[PDB]
Every structure is written in structure tokens, then in C-alpha cells.
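Lettering of chains follows the sequences in order, A, B, ..., and the numbering in each one begins at 1.
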There are 2 protein chains.
Amino acid sequence: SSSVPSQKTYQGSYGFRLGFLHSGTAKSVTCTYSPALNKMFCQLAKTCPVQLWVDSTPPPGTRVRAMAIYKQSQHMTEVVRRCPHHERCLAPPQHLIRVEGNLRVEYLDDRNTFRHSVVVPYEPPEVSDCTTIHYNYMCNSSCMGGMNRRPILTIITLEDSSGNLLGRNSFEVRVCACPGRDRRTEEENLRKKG
Amino acid sequence: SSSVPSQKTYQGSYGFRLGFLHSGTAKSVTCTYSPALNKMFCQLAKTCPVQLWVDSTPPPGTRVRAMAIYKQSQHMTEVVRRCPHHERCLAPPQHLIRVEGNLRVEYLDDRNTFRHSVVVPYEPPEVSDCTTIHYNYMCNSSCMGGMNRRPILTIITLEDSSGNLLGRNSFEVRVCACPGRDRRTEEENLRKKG
DNA sequence: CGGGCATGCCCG
DNA sequence: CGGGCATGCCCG
Ligand SMILES: *C[C@H]1C(=O)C2CCN1CC2
Ligand SMILES: *C[C@H]1C(=O)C2CCN1CC2
Ligand SMILES: *C[C@H]1C(=O)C2CCN1CC2
Ligand SMILES: *C[C@H]1C(=O)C2CCN1CC2
Ligand SMILES: C[C@H]1C(=O)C2CCN1CC2
Ligand SMILES: C[C@H]1C(=O)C2CCN1CC2
Ligand SMILES: [Zn+2]
Ligand SMILES: [Zn+2]
């Protein structure tokens, strides 16, 4: 009955985890992940790679879904969408999250919650310990009429073809002009005032 | 043959001038006019009163047209429009400038230049030295996908019913959250660095 | 209200 | 590139 998808971490029986590349905090890095904050800082319309780690191999037909929700309680019931400017300038223009480099991407609009998601087949790592998906976020967190400075969580779910939830993980995202600057500011604020 | 409307001041044979109320520079004033900069600072979707002064009375049927153009050479050929966010949230939604409080307003989209303008009948001052029109600017200068931080000029023309230009004046506009702050900053910069 | 944090971006 | 100006707005 809830229209708000769950965000609670569920590593599940396959030992599903996410992982992220190390990139550092130079002012101009295109993306950078903060383990302390469990938060990706990235630039709009640029690659944001996410690694899928599993302990046990999921069954054939498993899918990987990504969906954004607002992190703050007061905004969690509002659907996360592209702002009108970037909508106008495969993926429907209203979708915030895209996957690049995949021939089997599917973009979904839920008929009951109206929430957007993007799904690709799960592929096991090559003869490697993880699989990488290249996500793109098509608005800045600050975009007026879209995210409007509100932080989001991206929820990644591993689902079998029957729709069973096999695993769930999430991470906070800030899409911004200067990921390295902003990661440094938020980590310093965590240390001084968190 | 030009698609860029003239901005050159033409006081003309009726002695046409604009005038503005004095309001000062408190951080929260809703609008404030800088004589030194010939520039109105105002807030979006709030009243921006403009006075029409004439020495001689225009003929019956005279009209008052307002149009925005970009002030900087590199942007002057681009039509000034409402941004997509405020377009979606009598006046066509794409028009930046509205007139409030007038039963005879007309909104025009030029069939050749595609430029927008808003026109009201000229009314002589009451048995007073000027007539006031209440304009509204429906985007901030900073709106993404609209003015995008580019300064505009508003061009006010006094036209007879046959279309003769009787007079023309213009003023720069900044639509912003804090007119009083921003007028003070720009006047100080004029003094220190202009 | 006024102080000052925010965050895209600097081109007259 | 990194410094710092910009400019809406501060609500976990
Ligand atoms: C943002 C992205 C990059 O450009 C490399 C470093 C960090 N992340 C993975 C690869
Ligand atoms: C973050 C900062 C940089 O280092 C370049 C990209 C965006 N911003 C301006 C230049
Ligand atoms: C912006 C507007 C106001 O609110 C009064 C002072 C200045 N201007 C005219 C009236
Ligand atoms: C300019 C400043 C003010 O004084 C109020 C209006 C907008 N901004 C925040 C509050
Ligand atoms: C998990 C991830 C790594 O750490 C490298 C790059 C691709 N996968 C295998 C080797
Ligand atoms: C010109 C203008 C003024 O200065 C006041 C207000 C209205 N008009 C007449 C009196
Ligand atoms: Zn956007
Ligand atoms: Zn706007």
C-alpha cells in the first residue's frame, strides 16, 4: 500500500554489495565517492560507475533496477524527476537516471506510484570480482523545478525474473558542478559539526 | 530587415520620459531603481511600477508597448523568453513581461522576429504629471533555460494607432531575490571599478 | 528582517 | 586547472 519504495539495506542470500572506484577530491574530478557519507558526488550527464559485488551467483534472468528517491522525510513521497529545462533540452526525457553502454536497458514508469526506474540484466563478472554499470544523472541536485537542492538516494535492487527481491542497497547522490570540492566540504562538516 | 528592435532613446516631439519611484536599498525592498545605472532591480512576479511622463498629450488611440531584449551584444539576437520551469508553473506562459491591473492588455508574438511584447492603451494622467503602469517580470534574471544570468533591457515605446513611433525609452532590469542588496553591490562596483 | 551559506560558473 | 564571485534562500 505504500507508494514509497523501501530503502533499507538487504544484503540477502547472495551477499549483494555495491562498490565504487577511488578517485580523490581534486576540485575538478568528474565523480568521487565518500565511504564515510555513503555518498556519490558526480557531475550531470557524465559517467557514474557503480560496481555490483555478490558472494553467490544470481540465477539466470536476474535484473538490476535503479530508482531515485528523496532522502529527507518531508520530500520522500514526491517522485524524483528531471527538471523542465533538462527535459526540454531510449530514455524518456522525464527520467533522471540513465544507463549508458547497455543494449538491454529498460525504462519503467510505475503505473501506481508513477516512480521512474531503469533496469538492465544482471551479468556475472568476467572470468573479476564485480560487475560495473555506468549510470548517468541528467540533472544537478540544484536544478530548479526538479530536485531543487534536495538530496536523493539511489536504490539499487537485484531482482530475479519472477520479481523476487534478491538484494537491495542504496547510496546518497549529489549531482553538482564540483564533486571534489563538495565532497571535501561535506566531510569536513561531518567532522566538525556532525 | 533587422530582427533586433531598436533601443536608442527617442524622446520625440511629445517629450516622452520614464520615471520611477524612490525606494532605497534595504536588503528586502521588492524593487528599487538606480538612476546612476538606469537600472531597475525587482523581484519576480511582483509589481514593478513604471511612470510615463510626457510634455505634450499624445493623440487618441496611442499605445504603450513593452519588450525585453538582452543587453549584451553577444545575446542581443536571442529572443527573451520565460524559462521552462516558470512556463510550466491572458498572458501566454512563454512571455516574461506582464501588465497587471489593466483591462485592455494585449500580448503579441511577432510573426517575423518571434519577439514578445505586451501593449496597453496610453491614458493621460488624471487632473497628475505622469501615468503609471504596473509591470511584472515572471522570471529571475538567473533562471536556467531562460535569461540564464544575462542582463536585459526593457524597451518602452509610445506608438500612435497608425504605428508611428512617437517616443522610445529603455532601462536595464535585474530580476533577483534581493533588489536592495544587488543595487548596492552594483553601484559600489561602478564607483570602485567602473 | 538582515547575516551569511550555496553552488554554478567566470565571456562588456 | 584552482580561486573566488554569484545569487537564491536557510526547514535533518
Ligand atoms: C567518476 C569516475 C571517474 O572518472 C574515474 C574515477 C572515479 N569514478 C570511476 C572512474
Ligand atoms: C568544480 C569546478 C572545476 O574544477 C571545473 C568544473 C566545474 N567547476 C569550474 C571548473
Ligand atoms: C518596488 C516598488 C514598491 O514596492 C514601492 C517603492 C518602489 N517601487 C514603487 C513603490
Ligand atoms: C533579499 C533577501 C531578503 O531580505 C528577503 C527576501 C529574499 N532574500 C531573503 C529574505
Ligand atoms: C570489481 C572491479 C575491480 O575492482 C576491477 C575492475 C572491475 N572489477 C574487477 C577488477
Ligand atoms: C508622476 C507621479 C507622481 O510623482 C505622483 C504619483 C502619480 N504621478 C502623479 C503624482
Ligand atoms: Zn535539470
Ligand atoms: Zn524562470
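- Separating the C1' atom of D:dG12 from that of C:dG2 is a span of 24 Å, rounded to the nearest Å.
- Remark: the backbone N or O of B:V4 is paired with a side-chain donor or acceptor of B:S2 at under 3.5 angstrom.
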- [ ] Classify every nucleotide of nucleotides 6-12 of chain D by which part a protein heavy atom approaches to under 4.0 Å, writing B for the base, S for the sugar-phosphate alone and - for neither, in 5'-to-3' order.
- [x] -BBBSBB
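- Looking only at distances, no side-chain donor or acceptor of B:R82 sits under 3.5 Å from a matching main-chain atom of B:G146.
- Rounded to whole Å, the P atom of D:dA6 lies 15 Å from the corresponding atom of C:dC9.
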Task: Dot-bracket notation for DNA chain D, counting Watson-Crick and G-U pairs under 3.5 Å, with | for partners on another strand - done: ..|||..|||..
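- A donor-acceptor contact shorter than 3.5 Å is absent between the side chain of A:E87 and the backbone of A:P93.
- Side-chain heavy atoms closer than 4.5 Å link hydrophobic residues (I, L, V, M, F, W, Y) into clusters, and following such links, possibly through other members, connects A:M40 to A:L52.
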TODO: Given ring-ring contact (aromatic ring centres under 6.0 Å, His included), test A:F171 with A:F20 step by step and report yes or no.
DONE: CA-CA 11 Å; A:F171 55 97; A:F20 301 84; 5.0 Å; yes
Solution key, residues 67-74 of chain B side-chain donor-acceptor pairs under 3.5 Å, sequence neighbours excluded:
| unit_1 | atom_1 | unit_2 | atom_2 | d |
| --- | --- | --- | --- | --- |
| B:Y70 | OH | B:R150 | NH2 | 3.2 |
| B:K71 | NZ | B:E172 | OE1 | 2.5 |

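- Looking only at distances, no side-chain donor or acceptor of B:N140 sits under 3.5 Å from a matching main-chain atom of B:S142.
- A salt bridge is defined here as a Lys NZ or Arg NE, NH1 or NH2 lying under 4.0 Å from an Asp or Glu carboxylate O, and A:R17 with A:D55 meets this definition.
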